[PDB]
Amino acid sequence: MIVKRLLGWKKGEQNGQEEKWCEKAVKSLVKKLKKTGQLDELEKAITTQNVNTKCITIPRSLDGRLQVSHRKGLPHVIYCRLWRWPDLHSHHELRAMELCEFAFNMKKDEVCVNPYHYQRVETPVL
């Protein structure tokens, strides 16, 4: 199972409750990418940590947030926190790489959630 494999790459120490939510977050993404033929691309990006992977996109919602098991957040933040930066505070601490065509900031119809298409930045000064 792809879900369990992807969960093995999860960052940080999680308690019982967070482990269950994290599993739901991965399941939710796996369902969306399976219908658009983007699942293999997610496995490649996560399991190899490769920046030279395609955009991994999901439809953008009106307010940009994604709800998973009663929790709401920005999906690129959710998946960057899960697989790269467990203490990631907000979207203000993420900047997309130059080659990311569907970065969150672009506000296109689709949003890229490939964590290796983002870089962590210090909280903006101004």
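Quick note: we count residues from 1 along the sequence shown, nothing fancier.
> Regarding 64-72 and 78-86, which shows the higher C-alpha temperature factor on average in the entry?
Higher mean C-alpha B-factor in the PDB entry: 64-72.
> With reference to the PDB entry, specify whether the mean Cα temperature factor is higher for 111-119 or for 13-21.
Comparing averages over the C-alpha atoms only gives 13-21.
> Reading the B-factor column of the entry, which of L94, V26, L39, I46 has the highest value at its C-alpha atom?
That would be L39.
> Using the B-factors in the PDB entry, rank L6's C-alpha atom against the chain and give the third, lowest, middle or highest.
For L6, whose C-alpha B-factor we compare with every modelled residue in the chain, the answer is the middle third.
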